[PDB]
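Q: Shown below is the structure under consideration.
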RNA sequence: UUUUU
């Protein structure tokens, strides 16, 4: 190895990606299938934003019942969300790409729908959506004039501590069985007692 | 990776 010199560390191409966002190769196998849904060529970020806006109020699980007709084309959201659930990228991974834009578009104006009953205090309610780690990412699509306001520390602590509570609501309903068969599960649906409801 | 109902 040639003991890197100054000219080499002065002629570096700065370029950052992240595995929390869908790979650049996956951003094309989505656009090519969107136009295949008769979607306009130029207006391809609008339809994706109109889905990020829906996952901002209901969530980004793979089990989210996406319902609603788009107001920008003749394509329904369900077939947009089902297109984006292909080629490997998860829905949440996709909404993470536009998180910095939905931040500007909706913060301090309209909170996520499911915060009154997701464990968020009223002051830190605008981080009440998953994929909130999309603004902690300089790789996601950034808004023209930067973010409206940086997330506060309270909001981050909340999104962290509430991310773990939900994981101990999903992982506390399933089992540590590694097979759905009737010989391993023995019929038991869950593998853990009601330590999954009480404190 | 897992945050819906």
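Numbering (the deposited numbering), first residue to last: 5 to 203.
Built from N, CA and C at the ideal position, the CB exists for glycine as well.
1) So residue 144 and residue 181 are supposed to be a Cβ contact under 8 Å. How far apart are they, rounded?
2) Please find out if some non-hydrogen atom of the ligand ADP comes closer than 7 Å to the beta-carbon of residue 69.
3) Within a Cβ cutoff of 7 Å, which residues of the same chain sit near residue 135, ignoring the five residues on either side of it in sequence?
4) Return the Cβ separation of residue 76 and residue 108 in integer angstroms, given the expectation that the two are a contact with Cβ distance under 8 Å.
5) Give the single residue among 55, 35 and 118 whose Cα lies nearest to the Cα of residue 80.
6) State buried or exposed for residue 67, treating a residue as buried only when at least 16 other CB atoms are found within 10 Å of its CB.
7) Given a cut-off of 8 Å on the beta-carbon distance, is the pair residue 215 and residue 176 in contact?
8) With C-beta atoms as the reference, is residue 51 less than 8 Å away from residue 84?
9) For residue 38, report the span of its alpha helix (DSSP H) as first-last.
10) With a CB to CB cut of under 8 Å and the five nearest residues on each side skipped, what residues in its chain are close to residue 21?
11) CB residue 137 to CB residue 25, shorter than 8 Å?
12) Assess, as a yes-or-no matter, whether the stretch 163-172 is touched by the stretch 120-128 under the definition of 3 or more beta carbon pairs within less than 8 Å.
13) Quick check on residue 73: does DSSP put it in helix, strand or coil?
14) In whole angstroms, what separates the C-alpha of residue 183 from that of residue 146?
A: Result, derived from the coordinates:
1) Taking the first chain and counting its residues from 1, the one referred to as residue 144 is at position 140. Taking the first chain and counting its residues from 1, the one referred to as residue 181 is at position 177. Residue 144 to residue 181, Cβ: 36 Å. No contact.
2) Ligands in the displayed structure: none, and consequently the ligand ADP is not present.
3) Stepping through the first chain from its first residue, residue 135 is reached at position 131. In its chain, beyond the 5 residues on either side, 64, 96, 99, 100 and 103 have a beta carbon closer than 7 Å to the beta carbon of residue 135.
4) Counting from 1 along the first chain, the entry for residue 76 is found at position 72. Counting from 1 along the first chain, the entry for residue 108 is found at position 104. Their Cβ separation, rounded to whole angstroms, is 19 Å, which puts residue 76 and residue 108 out of contact at 8 Å.
5) For the purposes of this step, residue 80 is identified with residue 76 of the first chain, where counting begins at 1. With distances taken between Cα atoms, residue 80 lies closest to 55.
6) By one-based count along the first chain, residue 67 stands at place 63. Its Cβ having fewer than 16 others within 10 Å, residue 67 is exposed.
7) Absent from the model: residue 215. The displayed extent of the chain is 5 to 203, so no value can be given.
8) Here residue 51 corresponds to residue number 47 of the first chain, with the count starting at 1. Here residue 84 corresponds to residue number 80 of the first chain, with the count starting at 1. A contact, by the Cβ cut-off of 8 Å.
9) By 1-based counting over the first chain, the position of residue 38 is 34. Secondary structure note for residue 38: its alpha helix (DSSP H) is the uninterrupted segment 32-39.
10) Along the first chain, read from residue 1 onward, the residue named residue 21 stands at position 17. For residue 21, where only same-chain residues beyond five positions count, the Cβ hits under 8 Å are 27, 28 and 143.
11) Start at 1 with the first residue of the first chain, and residue 137 comes out as number 133. Start at 1 with the first residue of the first chain, and residue 25 comes out as number 21. In this structure, residue 25 does not lie closer than 8 Å to residue 137 by Cβ.
12) Note that the stretch 120-128 touches the stretch 163-172; at least 3 beta-carbon pairs, one per stretch, sit closer than 8 Å.
13) The sequence position of residue 73 within the first chain is 69, counting from 1. Shown here, residue 73 sits in a strand according to DSSP, grouped into three states.
14) For the purposes of this step, residue 183 is identified with residue 179 of the first chain, where counting begins at 1. For the purposes of this step, residue 146 is identified with residue 142 of the first chain, where counting begins at 1. Distance between the alpha carbons of residue 183 and residue 146 is about 42 Å.
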